[PDB]
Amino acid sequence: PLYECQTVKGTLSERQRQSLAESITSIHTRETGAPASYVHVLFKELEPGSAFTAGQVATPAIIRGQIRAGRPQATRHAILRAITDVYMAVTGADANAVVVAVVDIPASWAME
C-alpha cells in the first residue's frame, strides 16, 4: 500500500510527519491485516502559490492511499474515517480543508 500526503509548505513539522506516518501505518495494518514493512507513507509539500481552492490561493490537505482490490467498503470507509480523524487530531486543521481518498489497485497491476 502507498499513502501520499500533500500539504502547503510549512503545514507539517517533522514531529507531525513522524506521528502521521506511524499512525497511518498502524491504521492500515489494523484495518487490512497487512505487514507494516510494505506500508509506505510519503510527504510532499507545495509552494504557497501552487495550491488553490475554489480558484483562490488556499491550504487544502490531500491524502491519497493506493490499496489492493478485494476489500469491502466498510474496510475502505474505516480507513477513510481513521485517516481523516488522525490528521485533524495531529494538525488541528479544518475538516473541509482536508480531503482523503483510498483507491483500489488490482493485485495483478502491482509488483513489489
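Position 1 is the first residue in the sequence shown; the rest follow in order.
- As listed in the deposited structure, the average C-alpha B-factor of 66 to 74 and of 51 to 59 is greater for 66 to 74.
- Take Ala95, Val100, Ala21, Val103 and read off each C-alpha B-factor from the entry; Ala95 has the highest.
- When the modelled residues of the chain are ordered by C-alpha B-factor, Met111 sits in the highest third.
- In this PDB entry, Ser26 carries a Cα temperature factor that places it within the middle third of its chain's modelled residues.
- Among all modelled residues in its chain, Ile83 ranks in the lowest third by Cα B-factor.
- Ranked against the other modelled residues of its chain, the C-alpha B-factor of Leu46 as given in the entry falls in the middle third.
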